[PDB]
């Protein structure tokens, strides 16, 4: 369901015996529970959003975070993705839940959205910033975000502390055909776009259990080794940055 990753300790008690026929079903559910905790945590950083505010999810995938945002704040949520299938599923889902009047996904590039200047209360990129130019996406968020608005991103980034990106990070780039940025670029791009971090938290230790668990599932895609190893040697990190549009 979710395209982003999870955080939090794994509930091994819930998993039970790996021998059971339903183990894989309890595992996928655990992965899901960790991803929900992640989105929930991202939401904790959006500030006091209200029923009349508009929120924007850049790279919304299936619209799950949008649904969570609305149920939590009762506000309007606009999502953007380049996948027609993802947008369609999200909207069908929204209609079936009877909230399609508040939540909507559309096919559009996150670098040039239809949202008017200063009309969005809060916005975010959950695992979707590693695909685009940071200065350009932050410049767009800074444009539609009202002064005083809140921007949040949960993303993996290489650690400039260990120098250039490790082979593991490059392996991830080649797997998703993305372009993971260094933590230095994230902070620089924000500063250049009137985005001032209020919170920066390294969630690497929190997301490691999610990946080790996934590496033992039938959900493996062959890239979990790059994630785990880079997270462990410190060259790659998972972080949440909450910033104010000033």
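Residue numbers count along the first chain shown, from 1.
- Judged by mean Cα B factor in the deposited record, 4-12 ranks above the other of 4-12 and 237-245.
- When the two stretches 110-118 and 143-151 are set side by side, the higher mean Cα temperature factor goes to 110-118.
- You'll see in the entry that, of 204, 218, 179, 198, the Cα B factor peaks at 218.
- Within the group 86, 173, 128, 159, the record's highest C-alpha temperature factor is found at 86.
- For residue 212, the recorded CA temperature factor ranks within the middle third of the chain's modelled residues.
- Residue 56 sits in the lowest third of its chain by CA B factor, as recorded in the PDB entry.
- In this PDB entry, the Cα temperature factor of residue 192 sits in the bottom third of its chain's modelled residues, the lowest group.
- Placement of the Cα temperature factor of residue 103 within the chain: middle third of the modelled residues, per the deposited record.
- Sort the modelled residues of the chain by CA B factor and residue 44 lands in the middle third.
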